[PDB]
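Novice: Provided herewith is a single structure, encoded as structure tokens, for subsequent inquiry.
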Amino acid sequence: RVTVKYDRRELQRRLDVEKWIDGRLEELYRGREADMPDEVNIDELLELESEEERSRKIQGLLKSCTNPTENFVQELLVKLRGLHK
């Protein structure tokens with residue numbers, strides 16, 4: 001999806017939300033490290049009762065850079081509790 005670095009606190013958690021991107025962002029946004037933020041619906045959509053509608057909005061959020069994103073949205077999960085940004 002589109003969330004690199006993220007906030008702080010619960011980093012053993014964000015550590016999973018720090019690796020999903022470090023590699024994905026590593027290229028999915030490499031020269032775009034500043035073109036994608038870690039503060040979108042990924043967090044709320046993560047708290048949605050749906051299944052992929054959460055990724056549907058996050059998918060159009062960063063676009064191809066989002067492409068298939070199920071393990072990346074899962075990380076948002078271990079991080080959404082940090083500070084939501």
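In the structure tokens, each chain is lettered A, B, ... as it comes, each chain's residues begin at 1, and ligands are numbered from 1 in order of appearance.
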Listing only residues of stretch 1-35 of chain A within 9 Å of stretch 51-71 of chain A, what is the closest atom pair and its distance in Å (to one decimal) for each, using only C-alpha atoms, sorted by chain and residue number ascending, as JSON lines?
Specialist:
{"residue": "A:1", "atom": "CA", "partner": "A:66", "partner_atom": "CA", "distance": 4.2}
{"residue": "A:2", "atom": "CA", "partner": "A:62", "partner_atom": "CA", "distance": 5.8}
{"residue": "A:20", "atom": "CA", "partner": "A:71", "partner_atom": "CA", "distance": 7.5}
{"residue": "A:24", "atom": "CA", "partner": "A:65", "partner_atom": "CA", "distance": 8.7}
{"residue": "A:25", "atom": "CA", "partner": "A:65", "partner_atom": "CA", "distance": 8.3}
{"residue": "A:27", "atom": "CA", "partner": "A:65", "partner_atom": "CA", "distance": 8.9}
{"residue": "A:28", "atom": "CA", "partner": "A:65", "partner_atom": "CA", "distance": 5.1}
{"residue": "A:29", "atom": "CA", "partner": "A:65", "partner_atom": "CA", "distance": 6.7}
{"residue": "A:35", "atom": "CA", "partner": "A:62", "partner_atom": "CA", "distance": 8.9}
Novice: Name the residues of chain A that fall into alpha helix (DSSP H) according to DSSP on the backbone, using the chain letters and numbers of this document, as an MDAnalysis selection string.
Specialist: chainID A and resid 11:14 16:28 42:46 53:62 71:80
Novice: What's around residue A:16 at 12 Å? Count only C-alpha atoms, leave out sequence neighbours fewer than 4 positions away in its own chain, and write the answer as a VMD selection string.
Specialist: chain A and resid 3 to 6 10 to 12 20 to 23 71 to 80 82
Novice: When you count only C-alpha atoms, which of these residues is closest to residue A:7: A:38, A:44, A:26, A:31?
Specialist: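 Comparing A:38, A:44, A:26, A:31 against residue A:7, the winner is A:38.
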